[PDB]
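>>> 3D, please:
(8 chains, ligands or ions: 3)
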Amino acid sequence: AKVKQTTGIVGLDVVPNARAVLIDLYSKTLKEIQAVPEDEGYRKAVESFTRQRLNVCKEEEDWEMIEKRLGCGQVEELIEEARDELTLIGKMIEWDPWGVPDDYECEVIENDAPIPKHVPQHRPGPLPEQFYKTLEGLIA
Amino acid sequence: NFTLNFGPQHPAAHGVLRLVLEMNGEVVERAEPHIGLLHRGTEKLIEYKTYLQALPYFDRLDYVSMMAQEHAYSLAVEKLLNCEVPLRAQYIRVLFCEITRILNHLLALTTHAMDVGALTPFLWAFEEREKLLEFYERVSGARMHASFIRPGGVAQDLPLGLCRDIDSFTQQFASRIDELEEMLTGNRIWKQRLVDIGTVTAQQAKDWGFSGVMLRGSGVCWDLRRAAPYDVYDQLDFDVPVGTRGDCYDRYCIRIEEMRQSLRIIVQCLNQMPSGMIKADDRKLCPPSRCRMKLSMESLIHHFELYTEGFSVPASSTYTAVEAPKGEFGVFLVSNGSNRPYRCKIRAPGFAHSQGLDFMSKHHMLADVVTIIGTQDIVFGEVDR
Amino acid sequence: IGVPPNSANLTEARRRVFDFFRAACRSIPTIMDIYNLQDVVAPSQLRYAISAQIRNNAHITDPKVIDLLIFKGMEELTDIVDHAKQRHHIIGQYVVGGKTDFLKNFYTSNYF
Amino acid sequence: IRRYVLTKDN
Amino acid sequence: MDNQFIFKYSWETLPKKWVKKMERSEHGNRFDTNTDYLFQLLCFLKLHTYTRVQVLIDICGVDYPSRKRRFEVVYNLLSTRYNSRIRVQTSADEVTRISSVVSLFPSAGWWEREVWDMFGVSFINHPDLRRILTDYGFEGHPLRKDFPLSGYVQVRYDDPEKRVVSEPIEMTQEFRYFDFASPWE
Amino acid sequence: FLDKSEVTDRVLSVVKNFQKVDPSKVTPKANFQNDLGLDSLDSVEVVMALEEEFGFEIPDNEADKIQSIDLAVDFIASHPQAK
Amino acid sequence: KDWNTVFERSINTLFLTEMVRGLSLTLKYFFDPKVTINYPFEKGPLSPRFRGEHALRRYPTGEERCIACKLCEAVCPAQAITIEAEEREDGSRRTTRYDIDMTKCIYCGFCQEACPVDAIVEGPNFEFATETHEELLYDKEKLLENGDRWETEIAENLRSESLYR
Amino acid sequence: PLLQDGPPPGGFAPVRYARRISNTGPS
Ligand SMILES: CCCCCCCCCCCC(=O)SCCNC(=O)CCNC(=O)[C@H](O)C(C)(C)COP(=O)(O)O
Ligand code: SF4
Ligand code: SF4
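Numbers count the residues shown, from 1 in each chain, chains lettered A, B, ... in the order given. Ligands and ions are numbered 1, 2, ... in the order given. Have a look at this structure:
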C-alpha cells in the first residue's frame, strides 16, 4: 500500500505514480500502432499485450496488485518497456519494412542433434499467460 | 587539457597497463586503454592444434582462474560431441572450479588493496593462495597451469588424502576471510577510497556488456550458475549476492560474499561426492588405461589414434558460456568435421570491462582511477588474446 | 568521425582521394616537428612521395577498393601523426629512391 | 536435416 | 523464453524481408540476414517487449575462403529478462562495408575494431575504426585463412641502429605441419 | 591589397618545379590542367603549393572551382595575409 | 536520530575505534610463528605427479626404452620435440636424435602420458636454470643422463601412480 | 581400484562460513 522505498536496481528510480504513467504510454502505443498495416504480425502482438496491460492498469488502483497479476517485473520495469515500444513503433513506421518481396525465400533449417545434460542450457520458467495468448493470436 | 600517460611496466598495477589520460585539472576526462601488448595470437594458434592440443591455451588466458577456462572449453567440446560426463567427474570439476573462484577472488581483493596502500592483507591472502595451489599441485603436476579438466571426463583421479586436506582447509578459511574483512571492511579510509567511486547503473552495465560482479553490483541478479546451470550446480545450495549502489565498495562486499558461498559449495561438493569412474566410457573420445593399452589390441589402437590425431568433432558451431570468477567466459567454437577446430573465439569478460573504463572514470580524481581499474579485476591474458 | 558510407561511383572515389591527399599534405608540418625532420627532408619530397603512391595505385577502377585504400592510407597517416611508429620507420618508407639482370640473379642464387 | 525452403506463396 | 517459443514468435512478428535463414536447434537459434538489414533487425530485437535483448555478448568473424562472400560476421546476443540467447549472422567480402551497431550497443566498439583488425571488415558510422590488437604499423589481417601463422616480419634489436627493428621473418626451426587426417572419415 | 608585380612573380616561380612544366609557356594566363596538360593531382598540387609558400588555407570548396592561373594570381593579389 | 546513538557513533569517529581494532589484529600476528622456509636447506612440499625436468629412461638391462614411435612428438602442443630414427645394427627401432626444446616446452606432461613404453618422463627436478640458451636445448645424451641420475625417484613415482595411470 | 578417494563414512564435520562477530572494546 505504501510507496515503494527502493527498486533494488541502480539507475532505476521509483516512480511515485505508476498507474498514471503506464495508462498513458499504453494509450499512446494503441493510438500509434494504427499506422502499421492490419495484417502484420507486429501490429497484432503489440496491440494484444498493450491492451491487456492497459486493462490491468485500469482495473486495480495499487501498484502491488498490478505487479502481482502481470507478474513480469516491477512497475518501473514496465514503464521502460512501454517507452521502448513507443520508440520501436516510430522506427518501424519510418523504415516501413512491411513490404513482402515477390522473390522472398527463407531456408528454415531444423536440426535435432541432442546435447548433453551437464552442458549449460538456458532453462527459464513458464512465461505469463499473455506471452502465449499473443502467440495464438499471431498464428490465428 | 594535457595528455598524460600511465604505463606501469612494474606489476604493482597489472604490468602491461597502458592508459592515455586526458586530465583537465586533477580530474580525468577520457581514459583510452591501449591494449595489444599481450596479444600472442592465441585464437589463430588454436586453428593449428588438435582439440586436445589446444586445451593448455585456455590455462594461460585467465592465469588467475585456470580451471574456469578449461571447464568452458570442455563443456563446448562436450556440447559439440554429445559426450556424457560421469557424476564423480562433474563433482570434481565443480569442486576445482569453486577452488579456482576462491583463488581468483583472493588474488583480486588483495592486489586491489595493495594498490590503495594496504600491504598486510596481500601476504595473508597469498598464504591461503599457496595452501590452495598445493591442492592444484596434488591432482595435477603443475601449481598453476593444470590441464586437469578435459573434454571427456577429467584427466586423472584424486590422491588419497586430498579430501581430508581440503576439509581441513575449509575448517579455517572462514576465519581467514573474517580477518581479511576485519582489516578492510570497517576501516574508514577503505570506505572513503571506495564508496561512490565507480558507480554504474544497471542499464549501463547491460549496454556495455558487463557480467559477474561488475553486473551484479548494480542490482542485476544474473548468475550463470543459476540462469543456465551446468554440471551439478543445480544440486547445490548457494546464495547470489546482489549490490545496491553500484560503487566500488559493493563490488568488494559481493566479492567477499561470492567467496564465502564458494566455501559453502566446496563443503557441499566434498560431502556429496559419489564414487565411480572419472571419464566417459566412450574410449573413441577418452584415453584408455595404461594397463589396458599394454594388454589389449583395440585399446592400443585407440591410444595411438587419440594421441596423434585425436577425436573429430562433427561439423557444427555453438557458443557456451560459464560463470568464470571475472564474469561470463564464453567460447565460440566452430567445427568443420576435422580433428582441428575451424574457429574458436574466446569471449573474455575483461575485454568488456576494460572497455567501460572510459565512462566509469570520467570526472574522477587521478588517484581514484587505480581503484576503478582494480575493482574490475582485469588480467591482460584474456583482454588481448 | 565515423567511417563514411561506401561510395557508389568513381567520381566520389576521386573526390575522396583528393580530400585524403589534401589532409595528408596539411599533415606534413606536424610530422616535421613531432619528428626531427627539419634538417632531414624538404617539405616537398614527402608530398611527392604521397603523390607517387597515389599514382602507382591509380590503375584501380573499383570504387570499393579505392575506398578501402583511402581508409588504409588514412589509418597510416593517423598512426604517423601520433608518436606510435618509430622515427626511422617513416624515413625508411617515405624517402624517394652492368652486365644483365638475369646474370646477376644467377650469380646470387638459384631461386629467382 | 529438415532444410525446407519458404516461399511467398501468393 | 525458450528456443521453441522465440523461434515461433520471431517467425510471426519479424518482417519477412529481413531474415533469410532460421535454424532452430539445441546448439543455438540463429538468424541469418542481409548486411543492409542487420541494424534494423538488432534495433527491433533490442526494443520489442517480448524479445528484450539488451546484451551484446560479442561480435566474431569466420573466414570461409571457398565462399563468394568470404567473411561471416556473428552477433551473439543475450536477453537477461527472458533468459535466452539469440545469434544473428551476416556475410561480407573483403571490400564491403557493413553497418555498425555501436549506436544500439555501446560495447560493440572494441569488438568491431577487433573484427576489422583480424579480418579487414569495415563498419559504417563507427566513431573510430583503428587496429586494437596488432602492433603499430601491422600490415595484413592475421585471422584470415591465407595469412601465414608466423606472419611476414620479425622483430630484433639492431645494435648499430640502436633501436628495435623489423626484419623479414626467418625461422630457425620451421613449423612442422602434421597431417593426421584419415581416409576412412 | 597587393600589387600585381610580386604576385605574378610568386606564381611564375613555383610552377617551374614540376619536372615537366615548360618555362616558356608559363605566363599570367596559363591554365593548369588544360593549357599545360597537367593531371588533377597536379591541379590540386598547385593549390597546395600556394598554401605551401604561405600559411593561409584554401577550403575544399575553393580548390576545384577555377584551374586558371590568371584568376589564381588575382585571388593571390586579393589575399590580405600575404605581402 | 537518537541522542545515545549519535553520541556513540560520534565517539567512534573521534576516538578512531575502528583503527585500534586493526592495529590489535596486526600486533597479534606480530607475535606469531612465521611461515617462511629456508629454501637452500628445506624445500617446499611436492607431489609424485610433479612435472619437472624431462628424463629418458632405460630398461634395467641397460637398453633404452625409447622405440622411436614418435607418439610424443605428435602430441606435443608446443612442437618442442624433434626425433630422428633409423634401423639400428641389430635391426631394432631406435632413435639417433632425440632433442627437446626446453625454451618451447610448456611442461604439460602430454609426452609422458602418450609414451607407450614409459620412456620419456618428467622427473621431480625443477632446479636446472642455466646461464646459456644452448644449454636448454637438451639432446639425447643429456636426457639419458637425467634419466640415469633420477632413476630411483622416477621409478618410485611411477610405482606410486601405477594405481592411477 | 575399489578404494577410492571420498568422504569418510558419516560425512565430514560441519564448518562455519558466515562472519563471526567481534565485540571488543569498552566504548
Ligand atoms: C606521412 C603521411 C602518411 C600517409 C601517406 C599516404 C599513405 C597512403 C598513400 C595512399 C595509398 C593509396 O593508394 S589511396 C589512393 C588510391 N586511389 C586511386 O588511385 C584512384 C584511382 N586513380 C584515379 O582515378 C586517377 O588516376 C587519379 C589518380 C585520381 C587522378 O587522375 P584523374 O583525376 O585525371 O582521373
Ligand atoms: S611436456 Fe608438453 S610441451 Fe613439454 S615436451 Fe612434453 S608434450 Fe611437449
Ligand atoms: S619417448 Fe616414448 S613416445 Fe616418444 S618416441 Fe620414444 S617411445 Fe615414442
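>>> Kindly format the C-alpha coordinates of the longest helix along chain A as CSV.
What stands out as the longest helix in chain A, according to DSSP state H, is helix A:75-95. Output of helix A:75-95 as CSV, limited to C-alpha atoms (Å, rounded to 0.1, in the frame of the first residue of the first chain):
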residue,chain,number,x,y,z
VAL,A,75,6.1,-1.4,-12.5
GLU,A,76,9.3,0.5,-13.0
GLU,A,77,10.5,-2.1,-15.5
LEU,A,78,7.2,-1.8,-17.4
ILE,A,79,7.5,1.9,-18.0
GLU,A,80,10.9,1.3,-19.6
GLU,A,81,9.3,-1.3,-21.8
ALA,A,82,6.4,0.9,-22.9
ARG,A,83,8.8,3.8,-23.6
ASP,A,84,10.9,1.4,-25.8
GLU,A,85,7.9,0.0,-27.6
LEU,A,86,6.8,3.6,-28.4
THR,A,87,10.2,4.2,-29.9
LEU,A,88,10.2,0.9,-31.8
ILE,A,89,6.8,1.8,-33.3
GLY,A,90,8.2,5.1,-34.7
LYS,A,91,11.3,3.4,-36.1
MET,A,92,9.1,0.7,-37.8
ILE,A,93,6.9,3.4,-39.3
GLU,A,94,9.8,5.4,-40.7
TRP,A,95,11.7,2.3,-42.0
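>>> Kindly list the main-chain dihedrals of the residue in chain A positioned nearest to chain G?
Residue nearest to chain G within chain A (C-beta to the nearest C-beta): residue A:5, separated by 18.2 Å. In this view, the C-beta of every residue, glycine as well, is placed from N, C-alpha and C. Main-chain torsions, residue A:5, degrees, to the nearest 10: phi -70, psi -50.
>>> before we move on, the earlier item: does anything pack onto the longest helix of chain A? Which helices or strands?
If you count contacts as 3 or more C-beta pairs under 8 Å, 6 or more residues apart in numbering or on different chains; DSSP states H and E, helix A:75-95 packs onto helix A:19-32, helix A:41-59, helix A:63-70, helix E:38-47.
>>> now the residue nearest the centre of chain A: how far from chain F?
For chain A, residue A:49 is the residue whose C-alpha lies nearest the centre (C-alpha atoms, centre = their mean; 6.2 Å). Using C-beta to the nearest C-beta, to the nearest Å, we find residue A:49 at a distance of 52 Å from chain F.
>>> Could you find the closest non-adjacent residue to the residue of chain B found nearest chain H?
Going by C-beta to the nearest C-beta, chain H is nearest to residue B:158 of chain B, at 4.1 Å. Among residues not flanking residue B:158 along the chain, residue H:5 sits closest, at 4.1 Å (C-beta to C-beta, 6 or more residues apart in numbering or on different chains).
>>> can you check residue H:19 too?
residue B:178 (6.1 Å).
>>> what about residue A:116, how many neighbours?
The number of residues packed near residue A:116 is 17, by other C-beta atoms under 10 Å in any protein chain shown.
>>> Remind me which helix or strand the spatially most central residue of chain H belongs to.
Nearest to the geometric centre of chain H sits residue H:15, at 1.8 Å (C-alpha atoms, centre = their mean). Using DSSP states H and E, residue H:15 sits within no helix or strand.
>>> What residues does chain A have near chain C?
For chain A, the contact set with chain C under C-beta under 8 Å from any C-beta of the partner chain is empty.
>>> What residue in chain G comes nearest to chain B?
For chain G, C-beta to the nearest C-beta, closest residue to chain B: residue G:51, 3.6 Å.
>>> Over to that residue: give its phi and psi.
Dihedral angles for residue G:51 - degrees, to the nearest 10 - are phi -100, psi 100.
>>> And for the residue lying closest to residue E:29 once chain neighbours are set aside, the neighbour number?
Distances taken as C-beta to C-beta, 6+ apart put residue E:3 closest to residue E:29, at 5.0 Å, once the chain neighbours are dropped. By other C-beta under 10 Å, 18 other residues sit near residue E:3.
>>> Residue E:3 is in contact with residue E:23, isn't it?
No - with contact defined as C-beta atoms under 8 Å, residue E:3 does not reach residue E:23; the gap is 10.2 Å.
>>> Would you map the strands across chain F?
Taking DSSP state E as the test, none of chain F falls into strands.
>>> all helices of it, in order?
F:4-14, F:40-50, F:69-77.
>>> could you dump the shortest one to PDB, C-alpha only?
In PDB, the C-alpha atoms belonging to helix F:69-77 read as follows (Å, rounded to 0.1, in the frame of the first residue of the first chain):
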ATOM      1  CA  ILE F  69      46.500  30.900 -63.100                       C
ATOM      2  CA  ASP F  70      45.100  34.300 -64.100                       C
ATOM      3  CA  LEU F  71      42.200  34.100 -61.500                       C
ATOM      4  CA  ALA F  72      44.700  32.200 -59.200                       C
ATOM      5  CA  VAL F  73      47.100  35.200 -59.200                       C
ATOM      6  CA  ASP F  74      44.100  37.600 -58.900                       C
ATOM      7  CA  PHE F  75      43.000  35.700 -55.800                       C
ATOM      8  CA  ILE F  76      46.600  35.700 -54.500                       C
ATOM      9  CA  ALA F  77      46.700  39.500 -55.000                       C
END
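>>> re earlier: could you check the angle helix A:19-32 makes with the longest helix of chain A?
20 degrees (axes from the mean of the first three to the mean of the last three C-alpha atoms, to 10 degrees).
>>> And whichever helix or strand comes after helix A:75-95, what does it pack against?
Scanning forward in sequence from helix A:75-95 by DSSP H and E, the next helix or strand is strand A:105-108. Using 3+ C-beta pairs under 8 Å, 6+ apart as the contact test, the elements touching strand A:105-108 are strand D:4-7, strand E:19-23.
>>> Now do the buried residues in strand A:105-108.
Neighbour-count burial for strand A:105-108 flags A:106, A:108 (criterion: 16 or more other C-beta atoms under 10 Å in any protein chain shown).
>>> who touches it?
The contact list for strand A:105-108, computed with C-beta atoms under 8 Å, 6 or more residues apart in numbering or on different chains, reads D:2-8, E:16, E:19-24.
>>> Near chain A, which residues of the stretch 201-350 of chain B are found?
B:201-204, B:217-220, B:224, B:227-232, B:242-246, B:314, B:316, B:320-322.
>>> As a check, name the ranges of all helices in chain G.
Using DSSP H, helices in chain G cover G:3-15, G:20-30, G:110-114, G:140-149, G:151-160.
>>> Please work out which of the ones you listed is packed deepest.
Of all the helices of chain G, helix G:110-114 has the most neighbours on average by mean count of other C-beta atoms under 10 Å in any protein chain shown, namely a mean of 22.
>>> so what secondary structure elements neighbour that helix?
Short answer (3+ C-beta pairs under 8 Å, 6+ apart): helix G:110-114 packs on strand G:120-122.
>>> ok, residues contacting the strand it packs on?
By C-beta under 8 Å, 6+ apart, strand G:120-122 touches B:141, G:50-57, G:66, G:72, G:107, G:109, G:111-112, G:115, G:143, G:147, G:154, G:158.
>>> Which among those residues count as buried?
Counted by 16+ other C-beta under 10 Å, these give B:141, G:50-57, G:66, G:72, G:107, G:109, G:111-112, G:115, G:143, G:147, G:154 as buried.
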